[PDB]
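Student: pasting the sequence and an experimental structure:
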Amino acid sequence: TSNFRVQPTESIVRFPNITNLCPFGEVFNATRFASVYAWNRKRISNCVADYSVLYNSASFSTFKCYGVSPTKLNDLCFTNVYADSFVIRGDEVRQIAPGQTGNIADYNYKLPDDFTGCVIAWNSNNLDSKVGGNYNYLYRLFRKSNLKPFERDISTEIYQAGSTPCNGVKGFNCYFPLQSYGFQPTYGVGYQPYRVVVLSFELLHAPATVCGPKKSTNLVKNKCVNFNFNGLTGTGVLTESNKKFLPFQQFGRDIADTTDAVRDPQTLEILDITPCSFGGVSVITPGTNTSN
Amino acid sequence: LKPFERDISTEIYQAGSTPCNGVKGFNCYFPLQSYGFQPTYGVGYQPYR
Amino acid sequence: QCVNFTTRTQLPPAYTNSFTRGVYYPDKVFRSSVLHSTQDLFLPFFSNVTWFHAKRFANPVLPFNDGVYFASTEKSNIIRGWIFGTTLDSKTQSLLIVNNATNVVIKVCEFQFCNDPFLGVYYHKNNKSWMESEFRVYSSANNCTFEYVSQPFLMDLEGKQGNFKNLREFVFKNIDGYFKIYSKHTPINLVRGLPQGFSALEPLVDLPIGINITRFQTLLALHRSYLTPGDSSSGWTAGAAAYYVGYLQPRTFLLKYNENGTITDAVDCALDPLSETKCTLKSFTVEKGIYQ
């Protein structure tokens, strides 16, 4: 008539103990962070970035991801991210987060077309809002230039009035190329400046090297579970086996194109794969009128 | 959501895994945002009946 | 430095044949007592591999013919470098892979490569000091945009004892975006040329780069003694090694595994009609009779 089967009891996923690293504390907790106009496009590659310790982390002024869901970031294994070392005022959140292309957002910075660069601002209260006289933070507005997105400032010439040559710190309507951020000890509450950095993903025109960890499962044996040893899904029951598995080899195989033994990414162990409960059933019965 | 279901009786969610109440919290918002379009803008956000 | 001239005649090479070498475990999975066949970039047997005398400054730029099989045997660490990329210029940002007793570095910095400068250790600068001095391979390192380091090549210390000259084969396989390296250190005793038998090359690195590669060049690192500066190519030419190069074209091998999952004998189907029969019948012994 039919065939019986036992459903998988648990679900097992196995890609643990590789250690992403991809440090982000130095990106966030910087002893002497760079100025707004020194926003070097620091690529962050060859790492497994983390977001749970940041997205779920509280005490952040603006943790926004408009161009992509913050939760799904760890799933998406994009190429890499670009970190820009720029610091804004507490009330200067309008220039950042593309969607408000202000004039100030076109001189000392430029906005990408889409919000790939998730703007993250953390409250560096002790450092940014200190009594040290933060007059060093200066931002470039007046240089008679208009740069482009994802490129640093392209003009360092002295600012000129226009159609009138001038040189030095004094001239006919010629102003200092740098503009001064206040950041005085009064910048404590209301619009306290926050250190800002973006994580702009790169599309996969080239092979990726950045992703995010999700989870892992403990060791279960002699039970019908989802198998999923880093790609090899399909439920089964695992038994201890004693095959070789030279170090470069991780998956077993049989002549009839089937996987029958595996290596655990946790520790180098030899396991097995066996169908769980497949098998037909037949119903022996005499004549219905004779017996039931 | 399954097809043919109009659930307008919605509450504030918990995006940041922080159980919240009232009308505001951290990572807690009301997701019933509005388009707010206007006739001055052309095609792209033009209302379609 | 960047401009010099050779110290040899006009290419008197040799084209010896190993008659069977260059199987490198094409797939990740593990098999035992199986005769799996796959269409992959392999080295056909009985193929003319060009000779390369280490004592005659023999190291020109070589094309990347669908992955390059490089093999060398020596009782020393003469050959260390492998430079390859699109066109091998600074603008194109080619790939650099070298070897050192301390580490192994991978870089893509803009290099003109200055006509392949040699490398070598100065003899007895101090009693307990042996370090490479003339490290002139650097050619205007700028706009690096990327840098990488890997595990130090330190297995070239055992297996050559007694002037065995452990032959090492490095297949520079590429998967159009990803780069793979295979190696195998097995002691030998033949000095005439390539040995006979088989190979069990294992993968080394799967890391991708994303740079198309058409030409290849290796750094022979010829350095007899620092006493004679020569013409930067003359004098530092002699050596006691002879490496070889091989190029891979599409092929369908008949790989045989063993109880330890060790490849023992492979059959190149296109090599001979007998090998065609062996591949079609899917075995190593062909019973007498006519086959289609």
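Tutor: Yes, it's here. Residues are numbered from 1 along each chain as shown, chains lettered A, B, ... in the order given.

Student: okay, CA-based contacts and neighbour counts for the rest of this
Tutor: OK.

Student: could you list every residue that touches the residue nearest to residue A:151 when sequence neighbours are not counted?
Tutor: Distances taken as C-alpha to C-alpha, 6 or more residues apart in numbering or on different chains put residue A:110 closest to residue A:151, at 7.8 Å, once the chain neighbours are dropped. When contacts are counted by C-alpha atoms under 8 Å, 6 or more residues apart in numbering or on different chains, residue A:110 touches A:147-151.

Student: residue in chain A nearest to chain B?
Tutor: Taking C-alpha to the nearest C-alpha as the measure, the point where chain A comes nearest chain B is residue A:56, at 5.7 Å.

Student: list the residues that contact the closest residue to chain A within the stretch 151-292 of chain C.
Tutor: When C-alpha to the nearest C-alpha is the measure, the stretch 151-292 of chain C has its nearest residue to chain A at residue C:210, with 5.2 Å between them. The contact partners of residue C:210, taken as C-alpha under 8 Å, 6+ apart, are A:206-207, C:176-178.

Student: so which of these comes closest to residue A:214?
Tutor: The shortest distance between residue A:214 and any of the contacts of residue C:210, using C-alpha to C-alpha, involves residue A:207 and amounts to 20.7 Å.

Student: does that closest one count as helix, strand or coil?
Tutor: Under the three-state scheme (DSSP: H, G, I helix; E, B strand; the rest coil), the conformation of residue A:207 reads as coil.

Student: I'd like to know how far it sits from residue A:1.
Tutor: Applying C-alpha to C-alpha, to the nearest Å, one obtains 51 Å for the distance of residue A:207 from residue A:1.

Student: of these two, which one has the most company?
Tutor: Neighbour tally, residue A:207 and residue A:1, criterion other C-alpha atoms under 10 Å in any protein chain shown: the higher count belongs to residue A:207, 18 against 6.

Student: strands of the stretch 151-292 of chain C, start to end?
Tutor: Chain-ordered strands for the stretch 151-292 of chain C, with DSSP state E, counting those that start in this stretch as the definition, fall at C:167-174, C:179-183, C:185-186, C:202-203, C:215-219, C:242-247, C:249-254.

Student: to residue C:286, which of those lies closest?
Tutor: strand C:249-254 (13.8 Å).

Student: the closest one vs chain A: in contact?
Tutor: No: residues of strand C:249-254 contacting chain A under C-alpha under 8 Å from any C-alpha of the partner chain: none, with a closest distance of 13.9 Å.

Student: mind listing what's buried along that strand?
Tutor: Of the residues in strand C:249-254, those buried by neighbour count under the rule 16 or more other C-alpha atoms under 10 Å in any protein chain shown are C:251-254.

Student: check whether residue A:106 really touches residue A:147, as I assumed.
Tutor: Yes: here residue A:106 reaches residue A:147: they are 7.1 Å apart, a contact under C-alpha atoms under 8 Å.

Student: about what we covered before: including distance to residue C:281, could the strands of the stretch 151-292 of chain C go into JSON lines?
Tutor: Supplementary listing: these in JSON lines, determined by distance: least, C-alpha to C-alpha, whole Å:
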{"stretch": "strand C:167-174", "distance to residue C:281": "29"}
{"stretch": "strand C:179-183", "distance to residue C:281": "30"}
{"stretch": "strand C:185-186", "distance to residue C:281": "32"}
{"stretch": "strand C:202-203", "distance to residue C:281": "28"}
{"stretch": "strand C:215-219", "distance to residue C:281": "39"}
{"stretch": "strand C:242-247", "distance to residue C:281": "28"}
{"stretch": "strand C:249-254", "distance to residue C:281": "11"}
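
Student: buried among the contacts of residue C:210? Make that a PyMOL selection.
Tutor: In PyMOL syntax, the buried subset of those is picked out as below (16+ other C-alpha under 10 Å):
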select buried, (chain A and resi 207) or (chain C and resi 177+178)
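
Student: phi and psi next, for the residue in chain C that chain B sits nearest to.
Tutor: In chain C, the residue found nearest to chain B is residue C:207; the distance is 34.9 Å by C-alpha to the nearest C-alpha. Dihedral pair for residue C:207: phi -60, psi 140, per degrees, to the nearest 10.

Student: count of residues packed around it?
Tutor: By the other C-alpha under 10 Å criterion, the neighbourhood of residue C:207 contains 15 residues.

Student: same question for residue A:224.
Tutor: Using other C-alpha under 10 Å, residue A:224 has 22 other residues around it.

Student: what's the closest non-adjacent residue to residue A:188?
Tutor: Spatially, and ignoring its direct neighbours in sequence, residue A:188 is nearest to residue A:129 (5.7 Å; C-alpha to C-alpha, 6+ apart).

Student: and what of residue C:149?
Tutor: Once its chain neighbours are removed from consideration, residue C:149 has its nearest residue in residue C:105; the separation is 4.4 Å (C-alpha to C-alpha, 6+ apart).

Student: which helix or strand contains that neighbour?
Tutor: With elements delineated by DSSP states H and E, residue C:105 resides in strand C:104-107, which encompasses its position.

Student: that strand pairs with which strands, parallel or anti?
Tutor: strand C:95-97 (antiparallel), strand C:147-150 (antiparallel) (DSSP bridges).

Student: give me the neighbour count for the residue nearest to residue C:57 when sequence neighbours are not counted.
Tutor: Distance criterion C-alpha to C-alpha, 6+ apart; nearest residue to residue C:57, sequence neighbours excluded, is residue C:237 at 5.4 Å. Neighbours of residue C:237 under the rule other C-alpha under 10 Å: 21.

Student: what does residue A:284 give?
Tutor: Neighbouring residues of residue A:284 were enumerated by other C-alpha under 10 Å; the total is 5.

Student: against residue A:157, how distant is residue A:36?
Tutor: Distance, residue A:36 to residue A:157, by C-alpha to C-alpha: 18 Å.

Student: which of these two has more neighbours?
Tutor: The neighbour count for residue A:36 versus residue A:157, taken as other C-alpha under 10 Å, is higher for residue A:36 (22 against 11).

Student: check contacts around the more buried one.
Tutor: Contacts were defined as C-alpha under 8 Å, 6+ apart; by that measure residue A:36 touches A:85-88, A:108, A:137-139.

Student: out of the residues you listed, which are inside strands?
Tutor: Using DSSP state E, the members of the contacts of residue A:36 that fall within strands are A:86-87, A:138-139.

Student: would TSV of these with distance to chain C and neighbour count be doable?
Tutor: As requested, these are exported to TSV (distance: C-alpha to the nearest C-alpha, whole Å; neighbours: other C-alpha atoms under 10 Å in any protein chain shown):
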residue	distance to chain C	neighbour count
A:86	20	23
A:87	24	24
A:138	27	20
A:139	26	22
